[PDB]
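Note sheet for the following structure.
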């Protein structure tokens, strides 16, 4: 062994120890929101079916407790998605809101304690809102 | 540390830095059009219902301002879809056109400033047209 | 940089490069047939109306050339659906057949050059047939 | 704003300029006060066509160009 090889190796080590690293948080922050809505959107179909068939609101709940000719139970647990929690509460007058609240022990720091919601007016119009940042909100709701 | 390991690592780095990347623009360009029509097609049902019930045209508008026994308001905002803007204007003679204009601040560069339209003849025939490229136009209209 | 990280990355790359992919052709092959019949079924209503009102057959055609008190023209072009072509030819004796022929430049390879048909007997009975595979034929016709 | 300074790597300088039509080029120019004599004043570039195709080129010697671009 000589000093030339060792010095060249030391120099190449320092050279390699210079690669830059860009940001990688917005990607996950957007992927979380792209999944939350994709998971909590289909419930509108069951809500509309239950409201148009004949049964009134309130009885519409979540979980996995079978079904009957009076109450409706969509086949998803309130904590099926480990990213957050889902909550539904349809009033007797048809108006209601299905909300998804991000959990702090699973979701990302930016999307922590944030809430998305889909509301149904009394006449029968579906709107949606969220509390996340503008760049992280999906391309289907406001803020 | 020796020079063999460092040189092998440098060579493997260059080897890995050679993966090709194909195109990925036509996918989004087609997905945007597949969603635009899917969003702006159902309005024909409400248009036909309003024209066949008894109320005349013109009064048919968009937004969320309730409804009555004279005017019709389909439950969608003029900017519900962030990809573009919707516009309806049914004439008193029944003939009209429902158009969707892509916005430059949301849509893709290729599908920017493009317009799709569904027209209703005076006799009662529905046609559709668009201004996008042939490969990006959906499989239900011309160009 | 060291060899451990590079080798772990190379191993994880190979691990990820192992996801299986199932078949996805029967889905489109069935969706095409589910749309063809849904598009070419409603013409039976106009056919029956024209045959029961008073006008004889033959004059019943397709396209968009207005209508009068002698000839009937259903408001659809012979190539409205880009998946195939429609053809109607009602005989003077009432018997006829409305057929849909899939095109090779738009339809899928499996559903290429295939033909569906709805025939009307002389007495007044509607039957339907097709030439597609058994698994791709809709649940309303034979083969 | 990608999280990297224009002179993050002391070996050279980075420059990006995407046109309004989508076409653009990201280039890396080696500096004379840090890079080696052979790789001095050399420039690597990655260009994006208008349709959407990524190509890459460089001005270094053939034996020094990586195994993913031409010269």
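Ideal geometry is used to build each Cβ from the backbone, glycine not excepted, and the neighbour counts take in all protein chains shown. Laboratory data are not the source of any read-out in this text; all were calculated from the coordinates shown.
Would you check if residue B:57 is in contact (Cβ under 8 Å) with a residue 12 or more places away in the chain, over 30 Å from residue A:16 (Cα atoms) and surrounded by fewer than 15 Cβ atoms within 10 Å (Cβ to Cβ)? Taking the combined requirement at face value, the residue does not satisfy it. None of B:88, B:76 is surrounded by 15 or more Cβ atoms within 10 Å (Cβ to Cβ) and under 17 Å from residue A:141 (Cβ atoms) except B:76. The residue that is nearest to residue B:114 (Cα to Cα), among those in the range B:1-42 that are in contact with a strand residue (DSSP E or B) (Cβ under 7 Å, 6 or more places away or on another chain) and touching a residue at least 60 places away in the same chain (Cβ under 8 Å), is B:36. Restricting C:137, C:117, C:101 to residues that are within 29 Å of residue B:134 (Cα to Cα) and surrounded by 12 or more Cβ atoms within 10 Å (Cβ to Cβ) narrows the list to C:101. When residue B:79 is tested against (1) in a helix (DSSP H, G or I); (2) within 14 Å of another protein chain (Cβ to nearest Cβ), exactly one condition is not met: (1). Taking the condition out of contact with any helix residue (DSSP H, G or I) (no Cβ under 9 Å at 6 or more places or on another chain) and more than 14 Å from chain B (Cβ to nearest Cβ), does residue C:66 pass? No: the conditions fail for residue C:66. Only a single item in (1) part of a strand (DSSP E or B); (2) touching a helix residue (DSSP H, G or I) at 6+ places or on another chain (Cβ under 6 Å) is not met by residue D:28, and it is number (2). The residue that is nearest to the chain's Cα centre (by Cα), among those in the range B:15-44 that are farther than 30 Å from residue B:97 by Cα and either more than 9 Å from every other protein chain (Cβ to nearest Cβ) or loosely packed, with under 13 Cβ neighbours inside 10 Å (or both), is B:24. Looking at residue B:52, is it without any contact (Cβ under 8 Å) to a residue 40 or more places away in the chain and either touching a strand residue (DSSP E or B) at 6+ places or on another chain (Cβ under 9 Å) or buried (at least 16 other Cβ atoms within 10 Å of the Cβ) (or both)? No, not satisfied.
Okay, residues lined up against (1) in contact (Cβ under 8 Å) with a residue 24 or more places away in the chain; (2) assigned to a strand (DSSP E or B):
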site	(1), (2)
A:65	no, no
A:110	yes, no
A:127	no, yes
A:134	no, no
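Here the range B:2-14 is the region considered, the condition is being out of contact with any helix residue (DSSP H, G or I) (no Cβ under 8 Å at 6 or more places or on another chain) and within 14 Å of chain D (Cβ to nearest Cβ), and the residue that is nearest to residue B:132 (Cα to Cα) is B:14. For the range B:45-54, the criterion of being assigned to a loop (DSSP other than H, G, I, E, B) and away from chain C (no Cβ under 14 Å) is met by at least one residue. Based on this model, can you work out whether residue D:2 counts as assigned to a strand (DSSP E or B) and farther than 16 Å from residue B:17 by Cα? Judged against the criteria, residue D:2 is not a match.
Residue-by-condition table, conditions (1) more than 13 Å from every other protein chain (Cβ to nearest Cβ); (2) within 18 Å of residue C:82 (Cα to Cα):
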{"position": "B:93", "(1), (2)": "yes, no"}
{"position": "B:104", "(1), (2)": "no, no"}
{"position": "B:108", "(1), (2)": "no, no"}
{"position": "B:112", "(1), (2)": "no, no"}
{"position": "B:115", "(1), (2)": "yes, no"}
{"position": "B:128", "(1), (2)": "no, yes"}
{"position": "B:138", "(1), (2)": "no, yes"}
{"position": "B:143", "(1), (2)": "no, yes"}
